[PDB]
């Protein structure tokens, strides 16, 4: 099914007043489009989740450690995912933990 999504990285735990660090758009229809820098890879990785965005966190880097300072960062996904409306978020204890857990996943490579 077609997708029309906005992905963001925000400073904090997912509060509405949280500062936006970065955002991108992605469209997966006739072709992979959007302001996302790698639309084809992001659509392929998006469709691979089979509508379950928590699967983007299923392949963390098993060889990395992070400093244990707490400065939360939250990833968000909103729009249409394979024809279905979605509003998803996930918080990490810091940007190091985010980076290690997402492990270069094309969806958040922006």
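Residue numbers count along the first chain shown, from 1.
For the C-alpha atoms alone, is the average B factor greater in 73 to 81 or in 56 to 64, going by the entry? Comparing 56 to 64 with 73 to 81, the higher average CA B-factor belongs to 56 to 64.
Would you mind checking where the Cα B-factor of residue 14 ranks among the modelled residues of its chain, as the lowest, middle or highest third? Its C-alpha B-factor, which the entry lists for residue 14, ranks in the middle third among residues of this chain.
Sort the modelled residues of this chain by their C-alpha B factor and say whether residue 26 lands in the lowest, middle or highest third. According to the entry, residue 26 has a C-alpha B-factor in the chain's lowest third.
Which third, lowest, middle or highest, does the CA B-factor of residue 103 fall in along this chain? Middle third of the chain for residue 103's C-alpha B-factor.
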